[PDB]
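Before any questions on binding or motion, here is one chain by itself as structure tokens, the form deposited in one PDB entry.
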């Protein structure tokens, strides 16, 4: 049935995105196997965890424009509103679909408004900041001249369109394809800005080793991100030949050190039928809401589960000792049993009483709407 508020979110992504499961089916089945899930959400602790992991997923699909069913993705929205999902959430996602359209029209336009890089080498995408983006923490990176010179040029293009607006560049979500002349051949690499930054930090010293400390200076990427990004380039999963050959091996990015040395693997190349391809193209993406963010909500979401758990337990504890208690009397001593745990808030309480009423733990009296009875 699937219980995890997250695994649930991960299934919708599996269905809406170009994966095996979604190509091995048809719009009817899919629409069906989707309709099924939103129904089960009515039975999930805090629906927000599902919203969080869902929006995130959409963003990935929307941006990398790898949505399998462009029709549903939209439609997915209303069924998402229909089931009951919050207000500001639904239309907010909707606003996201509206931007890719507003953007296509805006890209097609920008490209023509000029006949840095070749016309169709650059593709823009301007999205609402309140809708999309979440955690806003300055993230710094050194852009190679090519990209840097484009930013302002696009910045002015939007200017004579909708004044009173300012673009804020999103390097996490931006991506592109870069060539990679190796010693075995030339290949196309699909990457995020951060990676472009790390790789390009070799251009002026093609065959030189660069330590972790220097990359921190050449790329500006804060320590953490650098670690992930490098790891993403020395250990990309399901990849036969890696792009960057690091030095003292480790099993985790956390183990990297100032002295750690990195170099452009000259023996890189794809393979097709145990035959070494000289021309190839691979993808190295799938990024997120800056790492520090991940640790943020988790840290809290865990605490919430714990309060919920304690609240839940504390109720049935009073309920066990006494047997027939009133909302009134229960509210007050609910605060004392959790005296050395935390002060339960009345919303959390209300919700767990409901939760305990359907899972048949507590029952309301016919004689008194309030006043609960400890059942079974």
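Superpose the two forms; the largest set of C-alphas matching within 1.5 Å is the rigid core. Numbering follows the first chain given and starts at 1.
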Between residue 115 and residue 116, determine how many residues of the deposited chain lack coordinates; answer none if the chain runs continuously, otherwise 1 to 3, 4 to 9, or 10 or more.
4 to 9
Stretch with higher mean Cα temperature factor, 55 to 63 vs 341 to 349, is 55 to 63
If you average the CA temperature factors as listed in the entry, which stretch comes out higher, 11 to 19 or 359 to 367?
11 to 19
Largest Cα B-factor, entry values, listed residues 128, 203, 136, 193:
136
Highest CA B factor of 220, 297, 258, 225, as deposited, is found at 297
Where does the C-alpha B-factor of residue 376 rank in its chain, lowest, middle or highest third?
middle
Entry-reported C-alpha B-factor of residue 87 relative to its chain, by third, is highest
When the modelled residues of the chain are sorted by Cα temperature factor, does residue 314 land in the lowest, middle or highest third?
lowest
Could you tell me which third, lowest, middle or highest, the C-alpha B-factor of residue 214 occupies within its chain?
lowest
Which third of the chain holds residue 262 when residues are ordered by C-alpha B factor: lowest, middle or highest?
lowest
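Form deposited in another entry: not shown, discussed below.
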With the core superposed, find the residue in 123, 161, 211, 91 that moves its CA 2 Å or more between this form and the one not shown.
91
State yes or no: after fitting on the rigid core, is the Cα displacement of residue 70 between this form and the one not shown at least 2 Å?
no
Core-superposed C-alpha of residue 151 shifting 2 Å or more between this form and the one not shown
no
State yes or no: after fitting on the rigid core, is the Cα displacement of residue 35 between this form and the one not shown at least 2 Å?
no
Note on residue 288-residue 243 C-alpha separation in the other form, which departs from the shown form by 3 angstroms or more:
closer
Checking the C-alpha spacing of residue 233 and residue 288, a student should find that in the other form it changes by 3 angstroms or more, with the atoms closer
